[PDB]
Enquirer: 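Have a look at this one before I ask anything.
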Amino acid sequence: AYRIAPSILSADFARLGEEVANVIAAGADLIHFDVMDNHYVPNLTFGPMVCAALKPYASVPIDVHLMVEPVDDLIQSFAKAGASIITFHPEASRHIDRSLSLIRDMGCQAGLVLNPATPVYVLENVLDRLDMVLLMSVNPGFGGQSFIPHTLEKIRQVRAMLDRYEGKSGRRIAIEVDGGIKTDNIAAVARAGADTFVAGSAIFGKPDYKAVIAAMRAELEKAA
Amino acid sequence: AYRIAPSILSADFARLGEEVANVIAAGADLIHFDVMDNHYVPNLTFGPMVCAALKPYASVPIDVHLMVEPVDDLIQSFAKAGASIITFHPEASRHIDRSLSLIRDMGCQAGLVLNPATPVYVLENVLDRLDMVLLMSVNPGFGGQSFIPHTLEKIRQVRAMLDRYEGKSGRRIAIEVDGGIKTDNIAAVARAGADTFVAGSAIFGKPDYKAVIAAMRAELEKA
Amino acid sequence: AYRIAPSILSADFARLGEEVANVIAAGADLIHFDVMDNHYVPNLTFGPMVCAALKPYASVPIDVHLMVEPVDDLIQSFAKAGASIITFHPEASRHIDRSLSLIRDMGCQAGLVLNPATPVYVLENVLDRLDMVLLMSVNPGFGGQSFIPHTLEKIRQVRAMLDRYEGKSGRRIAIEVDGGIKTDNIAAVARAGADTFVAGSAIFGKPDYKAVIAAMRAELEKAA
Amino acid sequence: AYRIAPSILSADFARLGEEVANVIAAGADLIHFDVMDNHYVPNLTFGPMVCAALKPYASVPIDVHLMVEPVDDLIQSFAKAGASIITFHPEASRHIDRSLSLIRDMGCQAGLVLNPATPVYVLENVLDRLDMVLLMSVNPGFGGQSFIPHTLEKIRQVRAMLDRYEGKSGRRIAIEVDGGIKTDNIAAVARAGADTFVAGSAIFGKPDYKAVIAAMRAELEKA
Amino acid sequence: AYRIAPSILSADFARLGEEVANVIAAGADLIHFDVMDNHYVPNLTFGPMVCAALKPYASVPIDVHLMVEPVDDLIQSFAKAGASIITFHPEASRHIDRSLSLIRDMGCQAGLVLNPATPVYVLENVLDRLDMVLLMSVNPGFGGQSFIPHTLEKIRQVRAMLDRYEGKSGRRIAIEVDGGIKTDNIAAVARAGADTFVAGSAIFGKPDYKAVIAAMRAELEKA
Amino acid sequence: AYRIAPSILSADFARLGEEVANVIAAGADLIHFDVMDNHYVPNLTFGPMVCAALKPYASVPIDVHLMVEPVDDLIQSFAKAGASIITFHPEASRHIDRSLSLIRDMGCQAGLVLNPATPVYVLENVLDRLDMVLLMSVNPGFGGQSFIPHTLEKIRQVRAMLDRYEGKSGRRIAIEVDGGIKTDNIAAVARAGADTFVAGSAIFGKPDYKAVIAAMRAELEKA
Ligand SMILES: [Zn+2]
Ligand SMILES: [Zn+2]
Ligand SMILES: [Zn+2]
Ligand SMILES: [Zn+2]
Ligand SMILES: [Zn+2]
Ligand SMILES: [Zn+2]
């Protein structure tokens with residue numbers, strides 16, 4: 001089942017509860033939270049108290065993407081604030097295996113994020129720790145950027161790795177993609193092998209979230 | 001005039017526009033923004049896009065307190081997002097004078113923040129750059145903490161320094177205090193020499209912001 | 001009462017329990033622990049597990065001097081390992097007041113350390129948090145260095161500040177000095193106003209700790 | 001020959017010379033030193049002066065594992081303090097080749113350490129600099145943790161790489177493993193291709209080091 | 001077409017314009033600038049104002065190698081100072097793809113640098129961003145060091161990767177090598193697959209730059 | 001005796017030896033070197049190899065101002081490269097007293113630099129270590145900026161402190177000022193208590209260095 005994860009980075013921060021409720025009413029499967037500390041990326045967004053404040057409105061799981069360094073303290077705070085999934089960048093933790101283990105020990109699904117330049121081999125020794133891999137199709141920091149075409153090849157490479165792992169372990173690790181996903185390209189991203197699609201500006205930047213998500217669903221029906 | 005500056009760190013982040021509108025309806029003079037980057041303090045709060053989103057609701061000035069390091073990039077982005085006042089901690093900038101000058105060059109009032117341990121003498125060479133001094137009466141990072149009594153002596157010391165500076169320059173630098181300010185202690189903070197009072201939990205943690213701010217106003221009349 | 005605090009930085013690390021027992025038998029009032037993380041100073045010494053291992057041998061209080069940055073995690077670990085006093089350098093903590101409060105909340109006496117260049121004014125806003133002030137008479141990092149003569153004036157300045165504070169609060173904050181203290185200069189350090197004296201090479205570098213400490217006591221009787 | 005390298009991280013720091021002498025009497029081939037600076041890992045252990053103090057007791061080589069960042073200053077000081085082998089984490093040095101060269105230029109055998117997540121390919125361009133590769137089977141920082149099963153696959157991968165390198169160069173690079181090694185799993189670690197085994201809690205946490213090391217030797221005979 | 005890129009790190013800094021003019025008169029194809037910030041490498045060299053001052057003398061392109069961290073501010077200032085090519089180390093930028101894009105958006109050719117230990121796979125996801133790959137044959141920081149023999153294998157590996165990419169895209173990415181290149185080894189570097197050769201001490205440390213460059217050209221004609 | 005110290009930050013880096021020779025011919029007493037590592041200040045200038053290259057041209061002492069962090073490695077390399085005076089910022093060294101001692105132990109005169117915001121009290125515990133105090137009259141990083149008027153008060157404060165120290169010790173510590181010094185303001189800087197004057201753009205940005213320095217001398221004779 002394909003999952004659509006609207007990114008609140010593009011929402012109206014003066015009415016965040018309404019924005020979350022409205023995108024859930026439109027069919028969102030996850031609420032995607034882009035957490036930036038002004039150090040790992042050149043922008044500062046929102047911390048765990050924002051996650052806690054939205055927990056009563058989030059009848060679907062909250063997916064926290066940590067663009068912060070280091071990561072372990074915010075892993076704990078976001079878990080306590082109600083996150084369901086936490087992902088972080090391997091470059092941002094000296095002890096990646098420990099950080100992934102901590103996410104699961106805090107009760108959350110765990111994942112790693114690949115920047116455009118980050119090789120996929122960074123995943124090969126932590127597959128048993130992973131519930132999801134997020135591939136960035138833009139350079140992290142900002143919404144509204146354009147999908148980097150080479151990401152399709154990386155998605156195919158990750159999918160092949162995860163297909164082989166599922167054959168050995170029986171576990172399916174999810175593939176999420178974040179960056180410039182639009183109705184007009186979502187089918188290509190799914191065809192490359194992804195199953196979870198983060199979109200900010202394409203949804204929140206439009207007047208009718210129901211129409212956008214339905215149009216994305218119709219394109220995904222073509223990829224299937 | 002005394003200014004009351006409710007701190008949105010204690011507000012409902014799911015309904016921030018309503019919270020800002022309601023505290024302005026209750027008599028807020030400024031909206032206080034506690035910006036934390038998880039490096040200068042052990043907490044992460046909210047960035048310039050939150051300031052920009054609240055600008056249409058803020059009919060009073062936005063007062064941005066940067067608990068971040070370094071500071072110059074966020075000075076620029078908060079100014080562009082509609083901040084009216086920007087303050088930062090001297091320990092967080094290698095070039096304090098440059099950072100204060102940048103705030104004014106971006107169109108904003110500029111200030112420095114003193115942590116509880118920070119000596120007042122860090123202000124003495126930048127008075128011409130300052131519009132406000134913020135004294136922390138708690139260790140920055142968290143709301144709901146208790147006012148540190150020694151802060152009253154520091155407020156008196158800063159007020160004496162700024163009184164002397166006004167005698168020389170004719171310009172009055174404002175004094176703000178942040179940390180554990182409540183109705184039952186606000187008069188003492190004013191008597192020590194402060195004029196702008198940040199309060200988070202005492203306002204946003206209560207059901208009627210109008211009642212709290214009016215009660216603070218009544219205590220300030222005694223100061 | 002004057003306190004002598006032998007510094008284990010100069011002891012035989014292959015027989016640390018014996019060294020602690022022997023210096024206590026010689027009249028030590030405190031065991032001084034110089035903790036260095038290779039970042040705040042250009043040397044690496046010993047961590048909290050060494051403190052824990054010596055706790056059964058330390059029938060006198062353990063005085064931990066943190067030459068580390070940042071400080072709060074090691075404050076907690078050294079307190080849990082049995083430290084009685086913890087001091088740190090104000091330059092090494094972004095939130096000095098918080099760090100001093102944490103030391104006391106962990107059940108320990110709290111202090112700040114002044115490097116040779118550090119002005120005394122850094123103490124003026126945390127006197128209610130302080131149980132001790134340590135003045136370095138050498139640049140931290142190494143034993144066996146020579147006492148910097150200007151330290152005497154700084155000790156006098158701190159003593160005057162603490163005398164005035166005691167007049168207002170009734171609390172006496174202790175003054176410790178660390179760096180090149182020897183039998184031949186300890187009386188001058190006491191005359192300047194200090195009450196607690198750290199010595200490493202002058203004690204542990206000699207064959208008879210009883211003789212050294214007794215000679216220090218005799219010189220301190222002259223300062224009194 | 002298989003080498004057993006007891007880790008003093010788990011020893012009695014009040015009687016370190018006795019501990020070293022006793023584990024050597026029990027058959028230790030190396031004394032393993034876990035050096036932590038509270039920055040590369042969230043723990044602080046012991047510096048070069050502890051190595052120097054143990055040198056007169058160490059009739060077998062001292063194997064220093066640097067969990068520190070940066071590494072070059074401590075490479076030099078541990079070499080001067082009597083280390084025989086020095087290993088460090090590639091992530092902790094901007095110039096890995098330079099750091100490995102420095103270890104050998106100081107008279108020591110040189111190695112790299114792989115954290116559980118670290119890919120083996122980080123070794124492929126420095127084989128001529130290496131005397132040993134250490135694979136962590138736990139996340140570095142603490143003794144007493146449990147062996148991560150995936151480490152066996154990584155050991156096999158490293159052994160295959162080093163077998164190919166020996167075919168080309170004629171030189172055998174040793175493989176060390178550190179983390180949760182016990183009598184009941186040491187044979188599996190050897191079968192995967194390792195030859196040097198670090199153990200802390202399994203040896204120093206037991207009353208008779210001779211019995212533990214002999215029992216490990218008996219299991220290695222089955223490998 | 002082979003390019004020789006004399007490295008001004010080895011030139012007379014009191015007469016830099018003459019040095020640049022003289023090496024161009026000798027046949028230089030590029031002027032190589034080794035920029036060091038004392039943080040990414042343990043040396044400090046020269047900043048963008050030096051590039052700007054040499055722009056009037058550089059009738060051939062200026063090739064800036066950034067051994068600095070972070071990189072984006074200096075990418076911009078070197079581009080504005082007249083650089084034609086800018087390369088940096090992937091380890092020095094958190095967002096490698098962004099930094100490479102910025103170089104091209106500033107009007108320059110973009111490249112990545114591989115330290116001796118750095119795996120070639122760090123290039124595989126940014127080939128569309130690259131105009132050049134620089135392989136260090138010494139540990140960066142200093143001139144006058146000796147060529148690391150394993151570099152030849154890495155050059156071959158990069159050339160195979162770039163050959164496959166040229167077949168897919170039609171774009172040829174250049175391969176530069178820097179570190180201990182001399183007349184007596186330049187042919188072997190070319191045979192391994194490189195096309196651009198940085199040399200400092202071999203050129204500037206000799207009295208006749210024309211003779212050295214001619215001798216290098218003659219060895220390359222044999223390659 | 002007033003000293004004029006032209007700052008090569010404003011010189012023609014393509015002809016640095018000629019620039020140094022020409023400013024010495026014009027009456028320079030020192031050659032001022034503004035060393036920036038892109039970390040302590042947002043600019044990168046020139047390292048010790050540039051100092052070494054100018055040593056044969058510098059018949060007057062070289063005065064190195066380190067705007068770098070940390071400082072001790074560059075203290076050593078600039079001393080070895082021929083510096084006569086080395087100054088650094090107290091905020092840039094964890095162990096200020098050690099760093100000042102190192103400068104003298106390397107054979108150089110030692111000093112501290114005060115940024116515009118830096119309090120003078122940072123000097124009070126190292127007077128025995130100091131040969132010079134430099135007060136910045138601009139925020140460090142760039143030439144061509146405007147003199148900050150409050151610097152005059154700081155100069156007066158430092159001169160009073162140093163006067164008292166000279167009475168106690170018999171040692172006169174020099175006072176240098178750097179930032180926007182021009183012929184039209186140099187007398188006021190001297191009257192405030194300074195004796196050594198760094199000027200970049202006012203000298204090197206003009207066609208006749210002899211005329212500028214002579215004009216500065218004439219204003220100083222009126223001071
Ligand atoms: Zn995201
Ligand atoms: Zn605040
Ligand atoms: Zn100490
Ligand atoms: Zn180890
Ligand atoms: Zn280069
Ligand atoms: Zn200067």
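Remember, it's 1-based here, ligands and their atoms both numbered in the order they're listed. Worth knowing before you read on, the calculation uses all heavy atoms, side chains too, and leaves out hydrogens, waters and symmetry mates. Just so it is clear: chains get the letters A, B, ... in the order the sequence lines come, proteins before strands, and each one is counted from 1.
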Enquirer: Is it true that the side chains of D34(E) and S7(E) contain a donor and an acceptor less than 3.5 Å apart?
Expert: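 Yes, side-chain donor-acceptor contact under 3.5 Å.
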Enquirer: Classify the side-chain pair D97(F)/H95(F) by whether it contains a donor and acceptor separated by less than 3.5 Å.
Expert: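 No, no side-chain donor-acceptor contact under 3.5 Å.
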Enquirer: Could you name all protein N, O or S atoms found under 2.8 Å from the Zn ion (ligand 6)?
Expert: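 Per the 2.8 Å query on the Zn ion (ligand 6), atoms found are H32(F) NE2, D34(F) OD1, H65(F) ND1, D178(F) OD2.
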Enquirer: Going by side chain to side chain donor-acceptor pair (under 3.5 Å), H32(E) matches just one of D63(E), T196(E), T87(E). Which one?
Expert: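 The passing option is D63(E).
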Enquirer: Using only heavy-atom distances, determine whether the side chains of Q109(E) and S84(E) contain a donor-acceptor pair under 3.5 Å.
Expert: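 No pair is found: no donor N or O on one side chain lies under 3.5 Å from an acceptor on the other.
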Enquirer: Between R94(D) and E69(E), does at least one N-O distance fall below 4.0 Å, as a salt bridge requires?
Expert: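 Here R94(D) pairs with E69(E) in a salt bridge, since their nearest N and O are under 4.0 Å apart.
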Enquirer: Parallel, tilted or perpendicular, judged at 30° and 60°: which one describes the rings of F33(C) and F46(C)?
Expert: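 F33(C) vs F46(C) ring planes: perpendicular.
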